[PDB]
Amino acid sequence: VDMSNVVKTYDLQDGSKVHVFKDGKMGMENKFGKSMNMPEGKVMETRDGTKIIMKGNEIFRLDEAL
């Protein structure tokens, strides 16, 4: 992964990673570095307990206010 152009990574509980790039592209790799299609509309939990959903090429994160 070209981490110098990655602005945010989400480290998922299952060891996969979602990477969001400076130009707005997004990709995913499993724990072995194999590319994955991103599951749109699926709740995914991060290692620190955050939950996210990807929809319309955007990341939505559990509202910390609640």
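Throughout, we count residues from 1 along the sequence that is shown.
**Student:** Looking at the C-alpha B-factor of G27, is it in the lowest, middle or highest third of its chain?
**Tutor:** Answer is lowest: the recorded C-alpha B-factor places it there.
**Student:** What third of the chain, by the recorded C-alpha B-factor, contains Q13?
**Tutor:** Middle third.
**Student:** By the record's CA B-factor, is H19 among the lowest, middle or highest third of residues in the chain?
**Tutor:** CA B-factor rank for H19: lowest third.
**Student:** Among the modelled residues of its chain, does the C-alpha B-factor of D48 lie in the lowest, middle or highest third?
**Tutor:** Highest third - that is where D48 ends up once the chain's C-alpha B-factors are sorted.
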